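Chain nomenclature is as follows: A, B, C, D, E, F, G, H and I, assigned in order of appearance, with residue numbering initiated at 1 for each chain independently.
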């Protein structure tokens, strides 16, 4: 027994390529499309709920997840790898930040922590890189709204809007045409729905689409009253119904 | 491509673990051994090849006891069998220390099962080169089991493994049909001796020595004991007689 | 290079062959199982095949009682199946100890799926060649079915099927639900839900069953149990007086 | 074939063989010959010591483990030192903790289990030496044969090493005779020396070439070399 | 604290007072000292409340895992687990446990694990600070194979005396009846038992 | 065993070269170019952002210039994520030094430490090296303005002007041509931009594709100041130097 | 014996109208022996102020620790740490040594650079936060400081007035404590500027 | 300190005084003793102040993580089990004594926990130095099936008993109501019966009263 | 305890340390030098627990000499004193603490100013015009408080110390057998061999 794989499984090839990272990126390319758009007063991230069978309950599988009350994430690639990354991300937000400063981490720093976790699966002994790309959206007092992308290599970059996965090339092009620095959240939601429609083959509705936003504080989602400074989470997942109402004005 | 059979925990394209399958070959190349479940106990018997006149008779015991109520016999790489019984004993001691009661056969079966299965999980270890037949009596009856190198096991009415496993299985199947009400410990012992003699034809070249043990609620008080002296000869004769 | 097919590292196409081959191992037993949700119960049915006459039929099972409330049926070789069952039992017992309440079906499923994901990422551990279907009547979610595979994937189902002829059962079930328009069997007794399940099992596989060709597990509020050959015969008799 | 499955001890060949173990067994056959035989009162070890040059000594082949137990080796000497040492400790443990002399049968089981661990794990290698264990315990005289594969067997007599087959046939023939040589050590020894010389070919057993050991009823395990073995040549 | 377990014809009954104190102050006057470790295996705790609760919680864990693998555990096995924990950790624990359970084969059984971690199978057992005052009474009035009604009366009378003399005991008297029929919870108030 | 899948990242080739180091350097050669120029009154760091899009938020972006100290900074060429790992340990080493001696860490000592970390992955541990090359720009009261470079091998050297990443050959030639010991920070700024401008594999050199920073001892003060230029500031300096 | 009474020393902080004050004595002794009259007990990281009383060696170690942590914080966050945040950092840093504590009495003072709101806080040696709006006191003459502050203090004082109040509170408290005194320094803090003044006091 | 917990027909309420002390000195005349474990699980502690706060935030952090992992609302029995197992491990060295109350999918709950790791369940509980004064009130007025309003009164009355009769307690009363179907409502300073009377004089000093030795500007900007 | 005194004048730091080593009832040596040169312009005197004293001094010396070779530079006195403070501060919370008090006198060649640091076994550091460890301070700090001036010459400093030593030889119970005096300035460290009667 005992893990005796203490050497790297990702190494440099004569051409300078890191094979395992390139291959992980290829797995990301085969994944269902997901995207994110940053507005002036919010951020939207969305993807398609590619149910693997009509007998499956697509709601019991969340592709969009809350990391902190003001930060959410979505991905493209290997769903199981994403799931554990979310568990680790939620935990590191506490162990490396909340239990020290008594407040949730700003978006860039949490992204930085996730990125570190992914980089390590690129050099540590006995493991393969995570086969996913993430789109993390959030808000924090001193930086406002932000959107980031994290790749299998651990690299991450901020975006105004972007797409990853299957038809990311076409979707990125469609976003470059409609994006401007004056967009309001509802506008971005609208643009998000339009972009996603080109990537979807079959049914396109609130039950096959998963979408969340980072907007204003939702005092009704807090759970208690009595403390003025505590106004609620900015992260909110739209309901199947909220999505349909917007599809009619498509 | 190929090479799927060079490392222990690798799945081949058809979902198999070739190293475990090769371990099975070591088992089939071994001496034959069996187990018979009777109406209130179990009987174990094994073929002991006589390599030469030099082997002191009755001295190289192959059947082993675990705790005081379990018997274990195996075919294949003998050292691997002992290794497995050593673990079985630690497993039994651990269970008794914590729960006081001696370990139930089904519980013991899974203990050996999980350990054997564990050796098919990594390439840093090799699978066990033996198939094991074991059992005994507990709070609710007699139990007979057979465990393969894959860690696979089930409860049995009768079981056999090794060189003459086919002959043995054919004989065991007849018994099961002609005795739906259940065989008696005394009968099972003789029947066991017979089956081994018949299964010896798949190795008739070398001479052999018979070994039997049993565990019966009425005949041994539920404790594992070896069949010796008179009861042994009486069984050897019963077999020598029906071999002609 | 060609070793990207022996351990769990990516292939140039971003694939994990060892995981795909582990999926192959799940059909080695040539058994089919299915699960359906009642109004207030959950049923799992699985074929039972005992070829050898020397085997004690009572010890041949692929259904496991994980906890007082959770049941698990496995598709794959029995040793990997027992490995999963032992771990699941331990995880369920530990959860109750640490958090003070019974581990939910979907939570145990996630936990087992995460464990599987790890074998998928760490080289020294191999994937288990099995698919696990967990069932129960959760105190918050009601009747539940959650299934995990060697890729670390898991999801909840209205009903599901696993095995060599998985597809035939699945489409049969899909057709029934497109018709009824509801996500469960509208029956008050678990007995009738078991009958529905066996009935559709027969239609899809095109085979008849005796009391020893099946294995059944039922989940009710606060308890999961398996049927005896006789409880099954009683079920087979009732379905016979309808056809 | 073979070449692909003989890289380490943790690999089974397609026919269920363990080549590294088989290769270790081969080092025994290349070792000098040694014989062992017993009656009901004594157990004897006879060994042919091999030398490098005519300027070197003849490497010892018999090692004492306790007052009632000892063994002879064939193959890698260092492995014999490791194994005999483990046995010395086990005999020691038995005396100190239970005030009991270790049964030869038990010593064989301990040796088997120790060797087995080196045939199922990665990184290790099988022991490359054969051993003949003799002793006198509460159930009489005993002779055991140890193989690196982990297989230990109790015999009336036997031989290992090169051309060991000669002595082994002679012993398998002399059985009924030597097994009864009770209360007469010198006779059992001569019976052993006659068995070993049945595997000679190169030379003839000399005084600084022969090595004998005996244990029995009222005889602690003692080793005889040189002048002390003259009366048997 | 006053606790006791009594085997009888149909099974076994556990009884206890409901007073927990910190010095002379009654921190809880309605404490529940009858602790379930399995469907039909229960125990009465005495000594450090923190310690006994931790032990019981762990035993419950061990018995739930045992059940998942090997079926229903015997009362003896449950007593063994308690013992293992109490004996091996005798230096850091102050726990006196009475274990009582109902088996279909063995009927009702009672095991007492006192301070040192030793185990004793008995027809009936009493423990806690209040037990010293009822040794004579219990030894003179206990009989084997009593009926449910008689046993309940025996426990009720015994504990009321223990409560009468021991300031550390008091409140209500709680009982748990373990038989093939099931599990029954009984409670008896001061106005009743005080006038016996 | 595992030995089968071990690439052996730390061995010599028959020519006495370290495979993994040579391949990591090959990787570095495809990364955006980074330039460092040391003047009499300051230091300049300039780097080209590899790959960009209209939607890339440049204001909140940093992929090549990082602050290590208030007096030391680095320009990165290679795997960004590998760089962040090293940057963070360097930031720690600097604070440890300040805690121990109550003095800011001398530039070379921090550079040597980071280089030693890199060298380690080259001799033991069986892990791949970091695919990173750094250009360090710092100031201390012992050597004043300093410029250093370190690569995957763990080797480091000091310079008056240098470049890392893509097209260093062409860039080094241009720098060696117009560099002059008595230069001034503003001259350096211009030399840096011109050089990048001639070596870019892109159409034109725009502000959205650059990162700029200077370490000056602003005369009106007496202390050292690090200025990591903002988008608008880069756009400005781009027009002034005549590149618009 | 008592680590908190070996060296001596005091610290006090007060809030005013859009301002805050933090003050401390300058003594450093060893039991009855006065050793140094220049041991300041107030430090600052960016615009956040920290005063520390207690064992001198821990006062020094803690300052070095917080300089170390606020430096990294700034490098990663790209902004100076705020009063509220730093208070949580002190608290968690102290509780980390719960069973081998630093023998100190920390005090935080500052103005949130974004809300302009004045802030102060105190802690016991293992991290418990005391977030009073008026004043925080610490040191060998803490009883005296509580007495002065409760009497002299009043809400919304102007910087120039708060200075007179904090000073009189410090001075008169110090003079009734044998282990406190030997000089004093006062910090008046405003969103834009910070003034430091050394007070004239008894030297016995 | 005086903290109480009272169960009513459709929920549970907890309250505490606001006096914090260091020996016989009042350090904070209005500190908040009611802490949040999760949105609807609230807590109050007595004993080592740093310990109740730390233990509350640690388990709170872990409860949140557990909630996210299971996609379910936090349960009071989980906070109880995590708190007690943590405290037991530390053999009483973490001086945390707490009253935890809350509502979750299974109903309303009320528990007490002691530093050594033991727990209790009840309909009404009190802790702290003012524990006995508060319990005298609860034993006199509590009754089964209290209404939300009766519970607020009873709890509030119990703490007042502590404020007035226990020297270790004083100032204000804080309350938090947790009802089965709604959000929890925290009522900071629900009662303020101890306002300091206006002082007889103003101690504002005429500027220049304090002798200064040296002055200077401090550099904040880098 | 032993006598450890230090004084910083205009362009140098003077360190005076008693020469006696007493164990129980006997004065074992009367020419003990309680000092170690850490670097050419940095000197450290020490007093305290029997074995820990020299072991600590020599340990610090080794570390500074190592730093000097590795960097081919000399750490400033303030840097050295900070390194020494951290070591003592680590020690106070370890299994068995170094019970050593020290005075560090150095001449900072970059600032061209002498510096005197007093650090006790707890890691308590302070920079002073003059310092002392143990009971010495009780008689010398009031003397120096009276006769000290910042602009004193190395010679005026030596006369000031002579005054301190005379007071110690008059009022202190123990016979410390005189002191060894060393001067630290821009030219290094030299020992005043003539203090037995200066």
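In the analysis below, contacts are C-beta pairs under 8 Å (C-beta built on N, C-alpha and C of every residue); 3 or more make two chains touch, one makes a residue touch a chain.
Trainee: Tell me which of D-F and F-I has more C-beta pairs in contact.
Mentor: Of the two interfaces, D-F and F-I, more C-beta pairs touch across F-I.
Trainee: If you average the CA atoms of chain A and of chain C, how far apart do the two points sit, in angstrom?
Mentor: 32
Trainee: From the mean C-alpha coordinate of chain E to that of chain H, what's the distance rounded to whole Å?
Mentor: So the centroids are 36 Å from each other.
Trainee: Find the geometric centre of each of chain D and chain H from their Cα atoms only, then give the gap between the two centres in Å, rounded to an integer.
Mentor: 80
Trainee: Indicate the whole-number Å distance between the mean C-alpha point of chain B and the mean C-alpha point of chain F.
Mentor: The computed centroid separation for chain B versus chain F comes out at 70 Å.
Trainee: What are the residues of chain D that contact at least two other chains?
Mentor: As it turns out, chain D has residues touching two or more other chains at 10, 122.
Trainee: Give the residues of chain H that touch two or more other chains, as numbers and ranges in rising order.
Mentor: As it turns out, chain H has residues touching two or more other chains at 69, 85, 222.
Trainee: Among the residues of chain C, which ones contact at least 2 other chains?
Mentor: 6-7, 86, 106, 110, 123-124
Trainee: Determine which chains touch and list them pairwise.
Mentor: Listed in label order, the chain pairs in contact are A-B, A-C, A-F, A-G, A-H, B-C, B-D, B-E, B-F, C-E, C-F, C-H, D-F, E-H, F-G, F-I, G-H, G-I.
Trainee: Could you pull out which chain A residues touch chain G in their complex?
Mentor: My answer: residues 99-103, 106, 109, 112, 141-142.
Trainee: Using the touch definition from the top, list the residues of chain F that touch chain A in their complex.
Mentor: 1-2, 5-9, 20, 23-30, 53-57, 60-61, 63, 79-82, 84-85, 125-131
Trainee: Once bound in the complex, which stretches of chain B touch chain F?
Mentor: 6-7, 123-124
Trainee: State the interface residues of chain A toward chain C in the complex, per the touch definition above.
Mentor: Going through chain A, the ones touching chain C are 3-5, 9, 19-20, 23-30, 52-57, 59-61, 79-81, 83-84, 87, 121, 126-131.
Trainee: Quick one: in the complex, what on chain B touches chain C?
Mentor: 1, 3-4, 7, 9-16, 37, 106, 110, 113-114, 116-118, 120-124, 144, 150-159, 169, 172-173, 176-177
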